[PDB]
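Protein chains in written order, with the deposited numbering: chain A, 675 to 722; chain B, 675 to 722; chain C, 482 to 529.
By construction, the Cβ of each residue, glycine as well, lies at the ideal position given by its N, Cα and C atoms.
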Amino acid sequence: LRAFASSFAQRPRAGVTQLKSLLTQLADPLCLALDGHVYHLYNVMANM
Amino acid sequence: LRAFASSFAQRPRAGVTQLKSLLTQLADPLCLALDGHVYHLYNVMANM
Amino acid sequence: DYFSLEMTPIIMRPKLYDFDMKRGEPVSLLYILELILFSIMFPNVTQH
């Protein structure tokens, strides 16, 4: 949004950052699964 | 975009620069052909 | 398959697809985001 600012005109200069919050919000219900389940999976698989 | 700025109103002040990227993007698949093929063409034709 | 590849001892330099990444237009940066996120996901693969 800073290096290309002169390419969006008030719309969707709000939409481009509108989807960033979407990406953020979606990251959590996955990172939870990852860092709470896959962790022990690897901690085992790294010993067989 | 600087000498006439007071002639576009937030639209397409983003479109005018929107097409500049188009021109840029289109320049490459031609400049490649030019500077990789026509070069030797001229380097020959300049000797007949 | 990927998660299994994570710990499978790598014996062949993997590659990634040839793909028409567009320069210019502020989409390329999304393609940078794609693989930086991927790297966060899988250090063991990207390392090669």
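Which of helix, strand or coil DSSP assigns to residue i
| i | result |
| --- | --- |
| residue 703 of chain B | helix |
| residue 503 of chain C | coil |
| residue 489 of chain C | coil |
| residue 684 of chain A | coil |
| residue 717 of chain A | helix |
| residue 528 of chain C | coil |
| residue 709 of chain A | helix |
C-beta neighbour in chain C for residue i, strict 8 Å
| i | result |
| --- | --- |
| residue 698 of chain B | yes |
| residue 681 of chain A | yes |
Beta-carbon spacing of residue i, residue j below 8 Å
| i | j | result |
| --- | --- | --- |
| residue 688 of chain B | residue 683 of chain A | yes |
| residue 495 of chain C | residue 526 of chain C | yes |
| residue 675 of chain A | residue 698 of chain A | no |
Min CB distance residue i to chain A below 8 Å
| i | result |
| --- | --- |
| residue 507 of chain C | yes |
| residue 688 of chain B | yes |
| residue 685 of chain B | yes |
Minimum Cβ-Cβ distance from residue i to chain B less than 8 Å
| i | result |
| --- | --- |
| residue 692 of chain A | no |
| residue 496 of chain C | no |
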